[PDB]
Amino acid sequence: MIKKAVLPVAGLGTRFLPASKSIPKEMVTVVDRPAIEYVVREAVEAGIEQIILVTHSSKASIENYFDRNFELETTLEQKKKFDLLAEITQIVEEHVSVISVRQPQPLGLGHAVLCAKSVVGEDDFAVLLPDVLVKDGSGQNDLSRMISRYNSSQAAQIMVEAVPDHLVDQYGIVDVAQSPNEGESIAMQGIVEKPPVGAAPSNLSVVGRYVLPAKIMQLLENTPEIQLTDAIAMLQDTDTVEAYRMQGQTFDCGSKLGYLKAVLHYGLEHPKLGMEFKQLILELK
Amino acid sequence: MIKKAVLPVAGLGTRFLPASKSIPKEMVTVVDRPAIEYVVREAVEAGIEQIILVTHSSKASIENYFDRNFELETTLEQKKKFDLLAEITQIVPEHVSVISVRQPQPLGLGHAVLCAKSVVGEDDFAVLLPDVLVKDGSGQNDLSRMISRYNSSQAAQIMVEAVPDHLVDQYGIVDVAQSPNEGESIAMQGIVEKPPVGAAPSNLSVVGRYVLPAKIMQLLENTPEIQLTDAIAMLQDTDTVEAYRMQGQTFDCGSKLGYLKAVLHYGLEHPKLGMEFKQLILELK
Ligand SMILES: O=c1ccn([C@@H]2O[C@H](COP(=O)(O)OP(=O)(O)OP(=O)(O)O)[C@@H](O)[C@H]2O)c(=O)[nH]1
Ligand SMILES: O=c1ccn([C@@H]2O[C@H](COP(=O)(O)OP(=O)(O)OP(=O)(O)O)[C@@H](O)[C@H]2O)c(=O)[nH]1
């Protein structure tokens, strides 16, 4: 049914400096692999086949990480380290493509999703902000559940999560009737940015996953900084727009500090490293 | 007056994979800055004025990180974001030069140091392996100690530190008459590579920190593909060579568990993130 994700990655990482001065912020080493691995893996594990990096002139280290490296592949072999060889050989599944198009000047996410117009054609497509990680535990991920909900309903979906009632000013917060349950959706007439700490419509924050149709690109070319939330504003005129509520847990790798938080959570959960890792903490006082 | 330092960064970090598949294992972000910054910030602290990168074609990221980034610099005086701009200009004093030389083929540590002969000229010099981070809390880092000691003694200095008797076959370890006290040096008759767990002349791992006479250049052009501990022998005939035991802590950012250990110990002491980070940690158990 749904098989194109668009991943915007043209962002200068200003807040993630100097780490992101010379490499991209998408390649930040979370435990033992770059951040963009987990965001793609999420998409792959959901039923996506075609990844679409909207990318910048400087983020070639990204496209390259989904591709065969001759020089390494051949040194690994001469070492006889073939386990490790078969890591780098099969990062994505053999039946997944990774595509590039260029956001020429960085004029915000909305202008970035619009750069995929041509690759997305008439297909209904998800988005994933890769500066945000998501950690399902259930077994089936939040993008999995969200999509099947966009297959059933035909309503553009918007992933959101509950925050403390005293921190709703940091977040774009969705409007709704009542708050739908962990891993369900309910209609929504619009998102408010940094609402007043009282007088906020909901305690549910735009996370930065979306499943939209192609209508949306025609709208992006007519939004009076081009706003995605402006385009979903116009979609509402014609089409039902719901809020899919997470069951798992997000991480803001866009920020130095939500990055450190992510290293702790995934590191402890690392199939090999976790054991030896949990030890390295304990050992600290 | 030791004022030059060969940083060999031509490796392919197979041991630190796939982190370092598409970015150097030196550009790997410890807390908020890549790993190599800590090594240079160490070399500069100890009097170095010329940083000689023996590098590979996979590794512009590095040379660039020590350069003007034109889009970031000019974009951040648009936003008059003076604090973030601060974060990517001061990286090393105006007087510190960073010079690239290319290691065509990875035919050994030995063979890297010798690609820099051309540039080191007739002049005694230091060698710093980035794989390895060193941490002071003494107010004179281990390298400046070693350069105080080459200057007064005139005798080459091998930084070593002690390891459990049962991992000695994972290291070069040195032939010493006795163990030099944390912070001092003693003559040594030679080093061994990976001496079987029994036949180790000492517990002291060669760490990855050398001060050397510039005529080692001339003994690397004639060794039994080229090994340093080889050339440090041939000196060991003509001249005195001393093992300096280190007083500060040590982290291998070529091993995974070693990089994770550093994210923790460095991060807990970060000016800003430190107090906020420690917090994240107390919040897990
Ligand atoms: O013009 C833009 C803005 C943002 N984006 C993409 O949208 C996502 C959101 O990116 P962020 O909003 O976290 O910011 P940024 O990376 O542009 O830089 P800072 O504000 O942290 O300094 C990132 O993955 C980025 O690549 C673009 O592709 N183009
Ligand atoms: O022949 C050599 C050996 C070492 N080095 C320099 O030593 C440093 C790392 O030494 P390593 O031995 O860790 O390099 P590697 O990246 O090949 O990793 P392994 O999988 O072999 O463990 C790097 O900074 C590299 O440039 C060379 O440049 N050439």
# chains A, B, ... in the order shown; residues from 1 in each chain; ligands from 1
$ closest_atom_pairs --of "chain B" --to "chain A" --cutoff "8 Å" --atoms "only C-alpha atoms" --output "JSON lines"
{"residue": "B:12", "atom": "CA", "partner": "A:72", "partner_atom": "CA", "distance": 7.2}
{"residue": "B:14", "atom": "CA", "partner": "A:76", "partner_atom": "CA", "distance": 7.2}
{"residue": "B:16", "atom": "CA", "partner": "A:32", "partner_atom": "CA", "distance": 7.5}
{"residue": "B:17", "atom": "CA", "partner": "A:32", "partner_atom": "CA", "distance": 6.9}
{"residue": "B:18", "atom": "CA", "partner": "A:33", "partner_atom": "CA", "distance": 5.7}
{"residue": "B:19", "atom": "CA", "partner": "A:33", "partner_atom": "CA", "distance": 4.3}
{"residue": "B:20", "atom": "CA", "partner": "A:33", "partner_atom": "CA", "distance": 8.0}
{"residue": "B:21", "atom": "CA", "partner": "A:65", "partner_atom": "CA", "distance": 6.8}
{"residue": "B:22", "atom": "CA", "partner": "A:65", "partner_atom": "CA", "distance": 5.4}
{"residue": "B:23", "atom": "CA", "partner": "A:61", "partner_atom": "CA", "distance": 6.6}
{"residue": "B:27", "atom": "CA", "partner": "A:23", "partner_atom": "CA", "distance": 7.2}
{"residue": "B:28", "atom": "CA", "partner": "A:29", "partner_atom": "CA", "distance": 6.2}
{"residue": "B:29", "atom": "CA", "partner": "A:19", "partner_atom": "CA", "distance": 5.8}
{"residue": "B:31", "atom": "CA", "partner": "A:260", "partner_atom": "CA", "distance": 7.2}
{"residue": "B:32", "atom": "CA", "partner": "A:19", "partner_atom": "CA", "distance": 5.2}
{"residue": "B:33", "atom": "CA", "partner": "A:19", "partner_atom": "CA", "distance": 4.2}
{"residue": "B:34", "atom": "CA", "partner": "A:19", "partner_atom": "CA", "distance": 5.7}
{"residue": "B:61", "atom": "CA", "partner": "A:22", "partner_atom": "CA", "distance": 5.3}
{"residue": "B:62", "atom": "CA", "partner": "A:22", "partner_atom": "CA", "distance": 7.3}
{"residue": "B:64", "atom": "CA", "partner": "A:22", "partner_atom": "CA", "distance": 6.3}
{"residue": "B:65", "atom": "CA", "partner": "A:22", "partner_atom": "CA", "distance": 5.1}
{"residue": "B:69", "atom": "CA", "partner": "A:21", "partner_atom": "CA", "distance": 7.5}
{"residue": "B:72", "atom": "CA", "partner": "A:12", "partner_atom": "CA", "distance": 7.4}
{"residue": "B:84", "atom": "CA", "partner": "A:17", "partner_atom": "CA", "distance": 6.8}
{"residue": "B:87", "atom": "CA", "partner": "A:18", "partner_atom": "CA", "distance": 6.0}
{"residue": "B:88", "atom": "CA", "partner": "A:18", "partner_atom": "CA", "distance": 5.8}
{"residue": "B:256", "atom": "CA", "partner": "A:32", "partner_atom": "CA", "distance": 6.8}
{"residue": "B:257", "atom": "CA", "partner": "A:277", "partner_atom": "CA", "distance": 7.0}
{"residue": "B:260", "atom": "CA", "partner": "A:31", "partner_atom": "CA", "distance": 6.8}
{"residue": "B:261", "atom": "CA", "partner": "A:280", "partner_atom": "CA", "distance": 6.5}
{"residue": "B:264", "atom": "CA", "partner": "A:281", "partner_atom": "CA", "distance": 7.7}
{"residue": "B:273", "atom": "CA", "partner": "A:257", "partner_atom": "CA", "distance": 6.8}
{"residue": "B:277", "atom": "CA", "partner": "A:257", "partner_atom": "CA", "distance": 7.3}
{"residue": "B:280", "atom": "CA", "partner": "A:261", "partner_atom": "CA", "distance": 6.5}
{"residue": "B:281", "atom": "CA", "partner": "A:264", "partner_atom": "CA", "distance": 7.8}
$ residues_around --residues "residue 196 of chain A" --least-positions-apart "6" --cutoff "10 Å" --atoms "only C-alpha atoms" --output "list in words"
residues 166, 167, 168, 169 and 170 of chain A
$ closest_atom_pairs --of "segment 72-132 of chain B" --to "segment 146-166 of chain B" --cutoff "12 Å" --atoms "only C-alpha atoms" --output "tab-separated table"
residue	atom	partner	partner_atom	distance
B:124	CA	B:150	CA	9.3
B:125	CA	B:147	CA	9.4
B:126	CA	B:147	CA	8.4
B:127	CA	B:158	CA	10.0
B:128	CA	B:159	CA	10.3
B:129	CA	B:159	CA	11.6
B:132	CA	B:159	CA	11.9
$ write_last_selection --atoms "N, CA, C and O atoms" --output "mmCIF file, in the first residue's frame"
data_model
loop_
_atom_site.group_PDB
_atom_site.id
_atom_site.type_symbol
_atom_site.label_atom_id
_atom_site.label_comp_id
_atom_site.auth_asym_id
_atom_site.auth_seq_id
_atom_site.Cartn_x
_atom_site.Cartn_y
_atom_site.Cartn_z
ATOM 1 N N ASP B 124 63.304 17.517 16.299
ATOM 2 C CA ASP B 124 62.663 16.556 17.229
ATOM 3 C C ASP B 124 61.180 16.888 17.287
ATOM 4 O O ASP B 124 60.831 18.046 17.080
ATOM 5 N N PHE B 125 60.352 15.882 17.513
ATOM 6 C CA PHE B 125 58.900 15.954 17.268
ATOM 7 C C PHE B 125 58.197 14.969 18.174
ATOM 8 O O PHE B 125 58.862 14.122 18.732
ATOM 9 N N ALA B 126 56.884 15.120 18.272
ATOM 10 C CA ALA B 126 55.973 14.260 19.044
ATOM 11 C C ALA B 126 55.084 13.487 18.075
ATOM 12 O O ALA B 126 54.992 13.857 16.895
ATOM 13 N N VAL B 127 54.475 12.418 18.568
ATOM 14 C CA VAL B 127 53.568 11.540 17.791
ATOM 15 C C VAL B 127 52.426 11.266 18.746
ATOM 16 O O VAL B 127 52.697 10.979 19.919
ATOM 17 N N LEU B 128 51.214 11.455 18.237
ATOM 18 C CA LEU B 128 49.909 11.308 18.931
ATOM 19 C C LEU B 128 48.960 10.446 18.076
ATOM 20 O O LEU B 128 48.598 10.878 16.961
ATOM 21 N N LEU B 129 48.530 9.298 18.597
ATOM 22 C CA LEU B 129 47.537 8.434 17.916
ATOM 23 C C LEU B 129 46.155 8.895 18.355
ATOM 24 O O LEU B 129 45.828 8.788 19.531
ATOM 25 N N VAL B 132 43.432 7.095 20.436
ATOM 26 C CA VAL B 132 43.602 7.164 21.917
ATOM 27 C C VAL B 132 43.434 8.578 22.494
ATOM 28 O O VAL B 132 44.236 9.450 22.165
#
$ residues_around --residues "segment 2-7 of chain B" --least-positions-apart "6" --cutoff "10 Å" --atoms "only C-alpha atoms" --output "mmCIF file with N, CA and C atoms, in the first residue's frame"
data_model
loop_
_atom_site.group_PDB
_atom_site.id
_atom_site.type_symbol
_atom_site.label_atom_id
_atom_site.label_comp_id
_atom_site.auth_asym_id
_atom_site.auth_seq_id
_atom_site.Cartn_x
_atom_site.Cartn_y
_atom_site.Cartn_z
ATOM 1 N N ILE B 36 38.995 13.755 17.559
ATOM 2 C CA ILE B 36 40.337 14.321 17.276
ATOM 3 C C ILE B 36 40.540 15.689 17.957
ATOM 4 N N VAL B 39 42.543 15.682 21.217
ATOM 5 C CA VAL B 39 43.924 15.189 20.981
ATOM 6 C C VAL B 39 44.716 16.436 20.627
ATOM 7 N N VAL B 40 44.151 17.216 19.713
ATOM 8 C CA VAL B 40 44.774 18.490 19.283
ATOM 9 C C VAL B 40 44.712 19.479 20.477
ATOM 10 N N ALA B 43 47.538 18.649 22.427
ATOM 11 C CA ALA B 43 48.842 18.917 21.795
ATOM 12 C C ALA B 43 49.130 20.391 21.943
ATOM 13 N N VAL B 44 48.166 21.221 21.594
ATOM 14 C CA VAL B 44 48.254 22.692 21.764
ATOM 15 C C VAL B 44 48.579 23.010 23.242
ATOM 16 N N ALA B 46 50.220 21.540 25.320
ATOM 17 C CA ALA B 46 51.613 21.121 25.617
ATOM 18 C C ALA B 46 52.652 21.842 24.756
ATOM 19 N N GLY B 47 52.253 22.779 23.920
ATOM 20 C CA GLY B 47 53.247 23.676 23.314
ATOM 21 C C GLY B 47 53.337 23.512 21.825
ATOM 22 N N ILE B 48 52.556 22.602 21.255
ATOM 23 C CA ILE B 48 52.613 22.286 19.796
ATOM 24 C C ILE B 48 52.010 23.464 19.024
ATOM 25 N N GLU B 49 52.620 23.740 17.883
ATOM 26 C CA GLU B 49 52.479 24.957 17.061
ATOM 27 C C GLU B 49 52.254 24.438 15.622
ATOM 28 N N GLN B 50 52.535 23.168 15.361
ATOM 29 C CA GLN B 50 52.406 22.582 14.005
ATOM 30 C C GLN B 50 51.904 21.165 14.148
ATOM 31 N N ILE B 51 50.699 20.899 13.639
ATOM 32 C CA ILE B 51 49.965 19.605 13.740
ATOM 33 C C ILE B 51 50.059 18.919 12.375
ATOM 34 N N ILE B 52 50.808 17.823 12.253
ATOM 35 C CA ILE B 52 51.080 17.237 10.916
ATOM 36 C C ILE B 52 50.205 15.997 10.772
ATOM 37 N N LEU B 53 49.074 16.150 10.071
ATOM 38 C CA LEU B 53 48.101 15.059 9.787
ATOM 39 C C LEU B 53 48.708 14.140 8.727
ATOM 40 N N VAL B 54 49.016 12.873 9.041
ATOM 41 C CA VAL B 54 49.271 11.835 8.003
ATOM 42 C C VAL B 54 47.926 11.182 7.811
ATOM 43 N N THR B 55 47.313 11.421 6.674
ATOM 44 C CA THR B 55 45.872 11.201 6.464
ATOM 45 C C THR B 55 45.645 10.362 5.203
ATOM 46 N N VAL B 96 48.924 28.228 15.631
ATOM 47 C CA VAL B 96 48.879 26.758 15.337
ATOM 48 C C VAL B 96 48.548 26.495 13.850
ATOM 49 N N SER B 97 49.467 25.882 13.113
ATOM 50 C CA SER B 97 49.281 25.405 11.717
ATOM 51 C C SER B 97 48.830 23.927 11.731
ATOM 52 N N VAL B 98 47.923 23.509 10.826
ATOM 53 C CA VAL B 98 47.450 22.102 10.644
ATOM 54 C C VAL B 98 47.772 21.755 9.192
ATOM 55 N N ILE B 99 48.653 20.780 8.976
ATOM 56 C CA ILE B 99 49.271 20.409 7.673
ATOM 57 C C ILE B 99 48.872 18.980 7.309
ATOM 58 N N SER B 100 48.509 18.747 6.060
ATOM 59 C CA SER B 100 48.100 17.412 5.586
ATOM 60 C C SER B 100 49.253 16.806 4.847
ATOM 61 N N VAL B 101 49.551 15.563 5.165
ATOM 62 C CA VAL B 101 50.321 14.684 4.250
ATOM 63 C C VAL B 101 49.621 13.321 4.090
ATOM 64 N N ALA B 112 53.720 5.572 8.395
ATOM 65 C CA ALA B 112 52.986 6.868 8.453
ATOM 66 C C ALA B 112 53.963 7.959 8.896
ATOM 67 N N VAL B 113 54.541 7.774 10.080
ATOM 68 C CA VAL B 113 55.524 8.725 10.667
ATOM 69 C C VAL B 113 56.538 9.130 9.587
ATOM 70 N N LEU B 114 56.829 8.257 8.599
ATOM 71 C CA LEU B 114 57.949 8.436 7.619
ATOM 72 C C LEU B 114 57.456 9.199 6.382
ATOM 73 N N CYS B 115 56.141 9.357 6.246
ATOM 74 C CA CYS B 115 55.531 10.157 5.145
ATOM 75 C C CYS B 115 55.637 11.647 5.493
ATOM 76 N N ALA B 116 55.834 11.902 6.805
ATOM 77 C CA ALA B 116 56.001 13.223 7.448
ATOM 78 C C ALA B 116 57.481 13.584 7.593
ATOM 79 N N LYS B 117 58.430 12.713 7.254
ATOM 80 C CA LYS B 117 59.877 13.075 7.299
ATOM 81 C C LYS B 117 60.050 14.463 6.690
ATOM 82 N N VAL B 119 58.595 17.113 6.383
ATOM 83 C CA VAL B 119 57.889 18.286 6.979
ATOM 84 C C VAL B 119 58.470 18.547 8.364
ATOM 85 N N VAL B 120 58.735 17.473 9.095
ATOM 86 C CA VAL B 120 59.427 17.474 10.410
ATOM 87 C C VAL B 120 60.835 18.055 10.277
ATOM 88 N N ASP B 123 64.074 18.250 12.882
ATOM 89 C CA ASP B 123 63.603 18.768 14.207
ATOM 90 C C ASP B 123 62.893 17.701 15.049
ATOM 91 N N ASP B 124 63.304 17.517 16.299
ATOM 92 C CA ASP B 124 62.663 16.556 17.229
ATOM 93 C C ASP B 124 61.180 16.888 17.287
ATOM 94 N N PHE B 125 60.352 15.882 17.513
ATOM 95 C CA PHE B 125 58.900 15.954 17.268
ATOM 96 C C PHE B 125 58.197 14.969 18.174
ATOM 97 N N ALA B 126 56.884 15.120 18.272
ATOM 98 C CA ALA B 126 55.973 14.260 19.044
ATOM 99 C C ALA B 126 55.084 13.487 18.075
ATOM 100 N N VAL B 127 54.475 12.418 18.568
ATOM 101 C CA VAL B 127 53.568 11.540 17.791
ATOM 102 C C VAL B 127 52.426 11.266 18.746
ATOM 103 N N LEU B 128 51.214 11.455 18.237
ATOM 104 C CA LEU B 128 49.909 11.308 18.931
ATOM 105 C C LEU B 128 48.960 10.446 18.076
ATOM 106 N N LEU B 129 48.530 9.298 18.597
ATOM 107 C CA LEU B 129 47.537 8.434 17.916
ATOM 108 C C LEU B 129 46.155 8.895 18.355
ATOM 109 N N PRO B 130 45.303 9.419 17.455
ATOM 110 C CA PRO B 130 43.910 9.733 17.796
ATOM 111 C C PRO B 130 43.066 8.559 18.322
ATOM 112 N N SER B 144 52.867 17.286 28.081
ATOM 113 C CA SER B 144 53.762 18.405 28.457
ATOM 114 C C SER B 144 54.839 17.889 29.408
ATOM 115 N N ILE B 147 57.453 16.273 27.419
ATOM 116 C CA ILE B 147 58.242 17.206 26.571
ATOM 117 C C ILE B 147 59.232 17.946 27.467
ATOM 118 N N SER B 148 58.884 18.099 28.751
ATOM 119 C CA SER B 148 59.769 18.614 29.833
ATOM 120 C C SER B 148 60.941 17.659 30.000
ATOM 121 N N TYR B 150 61.963 15.027 27.631
ATOM 122 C CA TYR B 150 62.842 14.992 26.416
ATOM 123 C C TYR B 150 63.756 16.218 26.503
ATOM 124 N N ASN B 151 63.219 17.427 26.650
ATOM 125 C CA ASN B 151 64.072 18.652 26.763
ATOM 126 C C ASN B 151 65.174 18.414 27.829
ATOM 127 N N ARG B 209 51.738 7.595 22.473
ATOM 128 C CA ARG B 209 52.213 8.954 22.785
ATOM 129 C C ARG B 209 53.736 8.919 22.829
ATOM 130 N N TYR B 210 54.387 9.509 21.848
ATOM 131 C CA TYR B 210 55.864 9.476 21.742
ATOM 132 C C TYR B 210 56.393 10.920 21.611
ATOM 133 N N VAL B 211 57.515 11.197 22.244
ATOM 134 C CA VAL B 211 58.440 12.277 21.825
ATOM 135 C C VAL B 211 59.642 11.560 21.234
ATOM 136 N N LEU B 212 60.192 11.996 20.100
ATOM 137 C CA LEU B 212 61.280 11.260 19.406
ATOM 138 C C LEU B 212 62.331 12.196 18.845
ATOM 139 N N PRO B 213 63.615 11.812 18.831
ATOM 140 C CA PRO B 213 64.556 12.508 17.958
ATOM 141 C C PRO B 213 64.261 12.405 16.442
#
$ residues_near_ligand --ligand "ligand 1" --cutoff "10 Å" --atoms "only C-alpha atoms and all ligand atoms" --output "JSON, numbers by chain"
{"A": [7, 8, 9, 10, 11, 12, 13, 14, 15, 16, 17, 20, 24, 25, 26, 36, 53, 54, 55, 56, 59, 102, 103, 104, 105, 106, 107, 108, 109, 110, 111, 112, 113, 115, 128, 129, 130, 131, 132, 208, 225, 226, 252, 253, 254, 255, 256], "B": [72, 76, 84]}
$ atom_distance --atom1 "atom CA of residue 184 of chain A" --atom2 "atom CA of residue 120 of chain A"
26.7 Å
$ residues_near_ligand --ligand "ligand 2" --cutoff "6 Å" --atoms "only C-alpha atoms and all ligand atoms" --output "PDB file with N, CA and C atoms, in the first residue's frame"
ATOM      1  N   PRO B   8      48.894  10.438  13.061  1.00  0.00           N
ATOM      2  CA  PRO B   8      48.536   9.525  11.984  1.00  0.00           C
ATOM      3  C   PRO B   8      47.033   9.208  12.033  1.00  0.00           C
ATOM      4  N   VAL B   9      46.319   9.540  10.937  1.00  0.00           N
ATOM      5  CA  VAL B   9      44.832   9.469  10.768  1.00  0.00           C
ATOM      6  C   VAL B   9      44.515   8.915   9.374  1.00  0.00           C
ATOM      7  N   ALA B  10      45.256   7.911   8.918  1.00  0.00           N
ATOM      8  CA  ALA B  10      45.131   7.271   7.589  1.00  0.00           C
ATOM      9  C   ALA B  10      44.448   5.893   7.686  1.00  0.00           C
ATOM     10  N   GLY B  11      44.016   5.525   8.892  1.00  0.00           N
ATOM     11  CA  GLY B  11      43.474   4.191   9.175  1.00  0.00           C
ATOM     12  C   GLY B  11      42.076   4.064   8.628  1.00  0.00           C
ATOM     13  N   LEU B  12      41.510   2.863   8.622  1.00  0.00           N
ATOM     14  CA  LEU B  12      40.133   2.630   8.115  1.00  0.00           C
ATOM     15  C   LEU B  12      39.177   2.154   9.232  1.00  0.00           C
ATOM     16  N   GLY B  13      39.559   2.282  10.503  1.00  0.00           N
ATOM     17  CA  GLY B  13      38.722   1.934  11.682  1.00  0.00           C
ATOM     18  C   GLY B  13      37.777   0.733  11.526  1.00  0.00           C
ATOM     19  N   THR B  14      38.289  -0.396  11.052  1.00  0.00           N
ATOM     20  CA  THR B  14      37.552  -1.682  10.964  1.00  0.00           C
ATOM     21  C   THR B  14      37.020  -2.093  12.357  1.00  0.00           C
ATOM     22  N   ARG B  15      37.781  -1.815  13.413  1.00  0.00           N
ATOM     23  CA  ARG B  15      37.478  -2.223  14.817  1.00  0.00           C
ATOM     24  C   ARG B  15      36.308  -1.384  15.348  1.00  0.00           C
ATOM     25  N   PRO B 106      48.382   1.826   3.613  1.00  0.00           N
ATOM     26  CA  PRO B 106      48.486   1.643   5.060  1.00  0.00           C
ATOM     27  C   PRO B 106      49.428   0.468   5.332  1.00  0.00           C
ATOM     28  N   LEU B 107      50.743   0.717   5.196  1.00  0.00           N
ATOM     29  CA  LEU B 107      51.868  -0.231   5.424  1.00  0.00           C
ATOM     30  C   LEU B 107      52.531   0.091   6.776  1.00  0.00           C
ATOM     31  N   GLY B 108      51.748   0.523   7.776  1.00  0.00           N
ATOM     32  CA  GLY B 108      52.173   0.558   9.195  1.00  0.00           C
ATOM     33  C   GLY B 108      52.304   1.953   9.823  1.00  0.00           C
ATOM     34  N   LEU B 109      52.224   2.007  11.163  1.00  0.00           N
ATOM     35  CA  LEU B 109      52.436   3.231  11.980  1.00  0.00           C
ATOM     36  C   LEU B 109      53.803   3.794  11.625  1.00  0.00           C
ATOM     37  N   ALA B 112      53.720   5.572   8.395  1.00  0.00           N
ATOM     38  CA  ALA B 112      52.986   6.868   8.453  1.00  0.00           C
ATOM     39  C   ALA B 112      53.963   7.959   8.896  1.00  0.00           C
ATOM     40  N   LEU B 129      48.530   9.298  18.597  1.00  0.00           N
ATOM     41  CA  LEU B 129      47.537   8.434  17.916  1.00  0.00           C
ATOM     42  C   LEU B 129      46.155   8.895  18.355  1.00  0.00           C
ATOM     43  N   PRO B 130      45.303   9.419  17.455  1.00  0.00           N
ATOM     44  CA  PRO B 130      43.910   9.733  17.796  1.00  0.00           C
ATOM     45  C   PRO B 130      43.066   8.559  18.322  1.00  0.00           C
ATOM     46  N   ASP B 131      43.034   7.392  17.683  1.00  0.00           N
ATOM     47  CA  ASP B 131      42.430   6.196  18.347  1.00  0.00           C
ATOM     48  C   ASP B 131      42.394   6.479  19.865  1.00  0.00           C
ATOM     49  N   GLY B 254      39.053   3.681  19.327  1.00  0.00           N
ATOM     50  CA  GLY B 254      39.076   2.624  18.299  1.00  0.00           C
ATOM     51  C   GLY B 254      38.245   1.437  18.757  1.00  0.00           C
TER      52      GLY B 254
END
$ closest_residue --among "A:127, A:1, A:176, A:133" --to "residue 189 of chain A" --atoms "only C-alpha atoms"
A:176
$ closest_residue --among "B:175, B:142, B:182, B:169" --to "residue 241 of chain B" --atoms "only C-alpha atoms"
B:175
$ select_by_dssp --residues "segment 55-135 of chain B" --states "strand (DSSP E or B)" --output "VMD selection string"
chain B and resid 55 97 to 102 125 to 128 132 to 135
$ write_last_selection --atoms "N, CA, C and O atoms" --output "CSV table (one decimal), in the first residue's frame"
chain,number,residue,atom,x,y,z
B,55,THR,N,47.3,11.4,6.7
B,55,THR,CA,45.9,11.2,6.5
B,55,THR,C,45.6,10.4,5.2
B,55,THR,O,46.6,10.0,4.5
B,97,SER,N,49.5,25.9,13.1
B,97,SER,CA,49.3,25.4,11.7
B,97,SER,C,48.8,23.9,11.7
B,97,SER,O,49.3,23.2,12.6
B,98,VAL,N,47.9,23.5,10.8
B,98,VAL,CA,47.4,22.1,10.6
B,98,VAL,C,47.8,21.8,9.2
B,98,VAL,O,47.3,22.5,8.3
B,99,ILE,N,48.7,20.8,9.0
B,99,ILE,CA,49.3,20.4,7.7
B,99,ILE,C,48.9,19.0,7.3
B,99,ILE,O,48.9,18.1,8.2
B,100,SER,N,48.5,18.7,6.1
B,100,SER,CA,48.1,17.4,5.6
B,100,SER,C,49.3,16.8,4.8
B,100,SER,O,49.7,17.4,3.9
B,101,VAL,N,49.6,15.6,5.2
B,101,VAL,CA,50.3,14.7,4.3
B,101,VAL,C,49.6,13.3,4.1
B,101,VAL,O,49.0,12.8,5.0
B,102,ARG,N,49.7,12.8,2.9
B,102,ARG,CA,48.9,11.6,2.5
B,102,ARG,C,49.7,10.3,2.7
B,102,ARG,O,50.8,10.2,2.2
B,125,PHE,N,60.4,15.9,17.5
B,125,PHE,CA,58.9,16.0,17.3
B,125,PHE,C,58.2,15.0,18.2
B,125,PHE,O,58.9,14.1,18.7
B,126,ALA,N,56.9,15.1,18.3
B,126,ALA,CA,56.0,14.3,19.0
B,126,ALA,C,55.1,13.5,18.1
B,126,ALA,O,55.0,13.9,16.9
B,127,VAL,N,54.5,12.4,18.6
B,127,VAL,CA,53.6,11.5,17.8
B,127,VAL,C,52.4,11.3,18.7
B,127,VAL,O,52.7,11.0,19.9
B,128,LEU,N,51.2,11.5,18.2
B,128,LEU,CA,49.9,11.3,18.9
B,128,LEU,C,49.0,10.4,18.1
B,128,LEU,O,48.6,10.9,17.0
B,132,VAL,N,43.4,7.1,20.4
B,132,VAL,CA,43.6,7.2,21.9
B,132,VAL,C,43.4,8.6,22.5
B,132,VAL,O,44.2,9.5,22.2
B,133,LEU,N,42.5,8.7,23.5
B,133,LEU,CA,42.3,10.0,24.2
B,133,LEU,C,43.0,9.9,25.6
B,133,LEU,O,43.0,8.8,26.2
B,134,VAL,N,43.5,11.0,26.1
B,134,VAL,CA,44.2,11.0,27.4
B,134,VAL,C,43.5,12.1,28.2
B,134,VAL,O,43.3,13.2,27.7
B,135,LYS,N,43.3,11.9,29.5
B,135,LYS,CA,42.6,12.9,30.4
B,135,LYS,C,43.4,13.3,31.6
B,135,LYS,O,43.5,12.5,32.6
$ atom_distance --atom1 "atom CA of residue 235 of chain A" --atom2 "atom CA of residue 42 of chain A"
26.3 Å
$ atom_distance --atom1 "atom CA of residue 253 of chain B" --atom2 "atom CA of residue 60 of chain B"
19.2 Å
